>>> print(open('model_18.cif').read())   # mmCIF, N, CA, C and O atoms; unseen atoms left out
data_start
#
loop_
_atom_site.group_PDB
_atom_site.id
_atom_site.type_symbol
_atom_site.label_atom_id
_atom_site.label_comp_id
_atom_site.auth_asym_id
_atom_site.auth_seq_id
_atom_site.Cartn_x
_atom_site.Cartn_y
_atom_site.Cartn_z
ATOM 1 N N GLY O 1 87.877 101.820 109.147
ATOM 2 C CA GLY O 1 87.773 101.305 110.500
ATOM 3 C C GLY O 1 86.936 100.041 110.582
ATOM 4 O O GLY O 1 87.316 99.081 111.251
ATOM 5 N N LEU O 2 85.796 100.043 109.899
ATOM 6 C CA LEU O 2 84.902 98.889 109.897
ATOM 7 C C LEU O 2 84.518 98.509 108.467
ATOM 8 O O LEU O 2 84.064 99.356 107.700
ATOM 9 N N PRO O 3 84.699 97.228 108.087
ATOM 10 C CA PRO O 3 84.376 96.745 106.740
ATOM 11 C C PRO O 3 83.063 97.308 106.205
ATOM 12 O O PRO O 3 82.903 97.494 104.999
ATOM 13 N N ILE O 4 82.128 97.580 107.105
ATOM 14 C CA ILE O 4 80.834 98.125 106.716
ATOM 15 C C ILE O 4 80.858 99.649 106.724
ATOM 16 O O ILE O 4 81.601 100.262 107.492
ATOM 17 N N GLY O 5 80.045 100.253 105.867
ATOM 18 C CA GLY O 5 79.993 101.701 105.796
ATOM 19 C C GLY O 5 79.812 102.218 104.380
ATOM 20 O O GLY O 5 78.713 102.168 103.831
ATOM 21 N N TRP O 6 80.893 102.727 103.795
ATOM 22 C CA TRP O 6 80.846 103.269 102.442
ATOM 23 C C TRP O 6 82.027 102.781 101.601
ATOM 24 O O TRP O 6 81.839 102.090 100.600
ATOM 25 N N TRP O 7 83.240 103.155 102.002
ATOM 26 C CA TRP O 7 84.439 102.763 101.266
ATOM 27 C C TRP O 7 85.572 102.378 102.211
ATOM 28 O O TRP O 7 85.431 102.446 103.432
ATOM 29 N N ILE O 8 86.692 101.962 101.630
ATOM 30 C CA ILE O 8 87.859 101.551 102.406
ATOM 31 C C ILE O 8 88.396 102.688 103.267
ATOM 32 O O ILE O 8 88.194 103.864 102.965
ATOM 33 N N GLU O 9 89.091 102.319 104.338
ATOM 34 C CA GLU O 9 89.675 103.283 105.261
ATOM 35 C C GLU O 9 91.145 103.514 104.950
ATOM 36 O O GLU O 9 91.683 102.978 103.981
ATOM 37 N N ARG O 10 91.784 104.312 105.788
ATOM 38 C CA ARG O 10 93.198 104.628 105.624
ATOM 39 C C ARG O 10 94.074 103.613 106.356
ATOM 40 O O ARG O 10 94.935 102.977 105.746
ATOM 41 N N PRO O 11 93.872 103.435 107.675
ATOM 42 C CA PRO O 11 94.657 102.483 108.467
ATOM 43 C C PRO O 11 94.266 101.037 108.189
ATOM 44 O O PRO O 11 95.124 100.171 108.024
ATOM 45 N N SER O 12 92.963 100.785 108.138
ATOM 46 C CA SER O 12 92.449 99.441 107.878
ATOM 47 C C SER O 12 90.926 99.417 107.940
ATOM 48 O O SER O 12 90.310 100.190 108.675
ATOM 49 N N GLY O 13 90.322 98.520 107.164
ATOM 50 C CA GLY O 13 88.874 98.405 107.146
ATOM 51 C C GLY O 13 88.213 99.436 106.252
ATOM 52 O O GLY O 13 88.859 100.014 105.379
ATOM 53 N N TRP O 14 86.922 99.664 106.472
ATOM 54 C CA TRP O 14 86.160 100.632 105.686
ATOM 55 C C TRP O 14 85.605 101.730 106.594
ATOM 56 O O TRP O 14 85.663 101.615 107.819
ATOM 57 N N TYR O 15 85.064 102.790 105.997
ATOM 58 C CA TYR O 15 84.500 103.892 106.773
ATOM 59 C C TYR O 15 83.094 104.231 106.292
ATOM 60 O O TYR O 15 82.645 103.730 105.264
ATOM 61 N N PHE O 16 82.401 105.082 107.043
ATOM 62 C CA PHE O 16 81.042 105.481 106.689
ATOM 63 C C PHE O 16 81.045 106.717 105.793
ATOM 64 O O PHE O 16 81.997 107.499 105.801
ATOM 65 N N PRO O 17 79.975 106.908 105.003
ATOM 66 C CA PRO O 17 79.851 108.048 104.096
ATOM 67 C C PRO O 17 79.297 109.290 104.789
ATOM 68 O O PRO O 17 78.345 109.907 104.309
ATOM 69 N N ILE O 18 79.896 109.653 105.918
ATOM 70 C CA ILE O 18 79.459 110.820 106.675
ATOM 71 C C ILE O 18 80.644 111.537 107.315
#
>>> encode(input="model_18.cif", output="structure tokens")
Amino acid sequence: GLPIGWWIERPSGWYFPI
């Protein structure tokens, strides 16, 4: 969802490690 966080997302962007 957001480039920042932990790793890449499914739809787009990155996600958080929680």
>>> atom_distance(input="model_18.cif", atom1="atom N of residue 17 (chain O)", atom2="CA of residue 5 (chain O)")
5.3 Å
>>> residues_near_point(input="model_18.cif", point="(89.2, 103.4, 108.1)", cutoff="8 Å", atoms="only C-alpha atoms", output="PyMOL selection string")
chain O and resi 1-2+8-15
>>> select_by_dssp(input="model_18.cif", residues="chain O", states="strand (DSSP E or B)", output="PyMOL selection string")
chain O and resi 7-8+14-15
